[PDB]
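Here's the structure, in structure tokens; my notes come after.
Quick note: the coordinates plus some simple rules give every number you see, no bench work behind them. Here the Cβ is made from the backbone with ideal geometry for all residues, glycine too, and neighbour counts use every protein chain on show.
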Amino acid sequence: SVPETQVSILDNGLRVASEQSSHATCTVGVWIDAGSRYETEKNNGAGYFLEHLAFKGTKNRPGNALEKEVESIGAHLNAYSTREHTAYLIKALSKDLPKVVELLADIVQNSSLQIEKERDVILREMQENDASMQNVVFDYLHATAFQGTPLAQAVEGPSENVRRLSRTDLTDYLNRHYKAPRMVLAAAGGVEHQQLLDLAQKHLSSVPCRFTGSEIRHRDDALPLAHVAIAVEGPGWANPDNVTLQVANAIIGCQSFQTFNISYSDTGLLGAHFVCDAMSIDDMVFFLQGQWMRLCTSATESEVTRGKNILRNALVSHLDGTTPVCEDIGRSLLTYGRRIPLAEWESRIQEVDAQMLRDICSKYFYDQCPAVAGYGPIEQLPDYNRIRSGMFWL
Amino acid sequence: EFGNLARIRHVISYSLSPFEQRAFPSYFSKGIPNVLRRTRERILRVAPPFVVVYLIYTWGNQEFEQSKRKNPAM
């Protein structure tokens, strides 16, 4: 009926989590509790840089050898880095676990650091990373909301550091933030937990953040569209009320008016990002603020239901596939320390009603000072007094 | 109206929430120096006309009084 997410631990402290499923392939990944939040402004691009260099060269395998092999096995090799977590995962035919795991072992330890080229790659892309307006907006919604903290700095880092980075520095980040107790080996799909535990024993057995209500406005009138993000302080990753906030986002769901609940270790950003022609930015903002307020004082069981149901169809599961699940296993072992099953999520969803939703929404959204990040033709975007006054009703 | 006022480019603008910042940051700390800075850049343009108004006013008064004062011989 339902998978078990059997998880164990090893000498090193590395955890080995798995969730067997009847699908045939598997997504075996390594998560690491290491991101841009653990960097100290002298190595602001070390994690990103490592990834670029990683997946390319190692101790048992020279240069393409790993890349060459994974292709040989037919597996897809992916890696990503956030402000708090780093993931290296392989999607591959289950039978290949033996090598899907040994390969991952090299990638986390015995890696060989090309550095010159990757620097160029990162730098040049960054020179163009400016094209991703949305990412820009979201990396300032971070800078202006977490001013003076390690949560303001981006994952990529400033070009400065990128140019000024050396093997030893990298080696440090690698030797400092790649500890075995901060690592999860997660497997999803057609894997046996005992075989994966034996492979982890054979290989890999060797291994005050503050929100500041503020505003950044990057005005550039030549852009055709404007992107605006407004957020308040998210509860956190472990905070129980996160779920009643997700239902609130499901109630909200001008243009491209998305909604986000980004969570970090006891902090986060809860808000909305919308892209609109300049002339309508103010009307959008007014619209949006009215809605948050609607939930705060005027929810409706019907709509809550609409929200609970959409949330119910978002929960990730074997159906979503191996990777989606692995990814959830790795994040759950890194953040909560355990894999929360879908039945517990359903219980926490069904205990949410309209009264506690408007209570939790009044707790967070109502009256707190927001962080605003605008990019584009944002002259008609209202300044901080009008947004702050729109954060409450008379 | 707003949105069609002007065209600027690449001018980033950071700001803080009112409740997050001190109401009177270093009010007398730098206020005094600044007010004094200001007064020195404008005092030579402003004050000497009013100084000679004061001299002309006094002069007029005294002249007037003196004028009225009787010449002993008169």
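Sort B:46-56, A:289-299, A:85-95 by the packing proxy (mean of other Cβ within 10 Å over each peptide's residues), most packed first. Don't skip to the end; give the middle numbers.
On the way: B:46-56: 9.9, A:289-299: 18.1, A:85-95: 21.6.
My ranking of the peptides, most packed first, is A:85-95, A:289-299, B:46-56.
Can you flag which of A:59/A:202; A:56/A:117; A:59/A:91 are past 20 Å Cα-Cα? Walk me through the numbers on the way to the answer.
Working: A:59/A:202 17 Å; A:56/A:117 12 Å; A:59/A:91 22 Å.
Result: A:59/A:91 exceed 20 Å.
Kindly provide the helix-only [θ] at 222 nm of chain B, computed as the sum of -39,500 (n - 2.57) over DSSP H runs of four or more divided by all residues, to the nearest 500 deg cm²/dmol? Walk me through the intermediate numbers first.
Numbers: 1 runs with 42 residues, N = 74.
Using -39500 (n - 2.57) per qualifying helix, the result is -21000 deg cm²/dmol.
Given the -39500 (n - 2.57) contribution per DSSP H run of 4+ residues, what per-residue ellipticity at 222 nm results for chain A, rounded to the nearest 500 deg cm²/dmol? Walk me through the numbers on the way to the answer.
Values: 15 runs with 159 residues, N = 394.
So the helix-based figure for chain A works out to -12000 deg cm²/dmol.
How big is the charge dipole of the range A:48-190 about its Cα centre, in debye rounded to the nearest 20, if each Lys and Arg gets +1 on its Cβ and each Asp and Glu gets -1 on its Cβ?
Values: 17 positive and 19 negative charges, 96 e Å.
Here the size comes out at about 460 debye.
Take every Cα-Cα distance within chain B, group them into 10 Å bins from 0 onward, and report for each bin the whole-number percent of pairs it holds.
Final binned percentages: 13, 16, 17, 21, 12, 10, 7, 4, 1.
Considering every residue in A:273-280, what mean count of other chain Cβ atoms within 10 Å of its Cβ is obtained? If you can, show how the numbers build up before the last one.
Details: counts 0, 0, 0, 0, 1, 3, 4, 1.
The per-residue average across the peptide is 1.
Calculate the mean, over all residues of peptide B:3-14, of how many other protein chain Cβ atoms lie within 10 angstrom of the residue's Cβ. Display every interim value, and only then the final one.
Working: counts 13, 5, 2, 3, 6, 6, 6, 5, 5, 7, 8, 9.
Averaged over the peptide's residues, the number is 6.
In whole angstrom, and with the biggest value first, how far do the Cα coordinates of the protein assembly as shown range along each principal axis?
Here the spans come out as 134, 58, 41 Å, largest first.
Can you tell me the 0 to 90 degree angle between the C-alpha axis of helix B:27-68 and the longest principal axis of chain B, rounded to 10?
20 degrees
Using per-residue counts of other Cβ atoms within 10 Å, averaged over each peptide, order A:345-358, B:18-31, A:4-17, A:374-387 from highest down. List each step's numbers first, then the result.
Numbers: A:345-358: 16.3, B:18-31: 9.9, A:4-17: 18.0, A:374-387: 20.3.
Final packing ranking: A:374-387, A:4-17, A:345-358, B:18-31.
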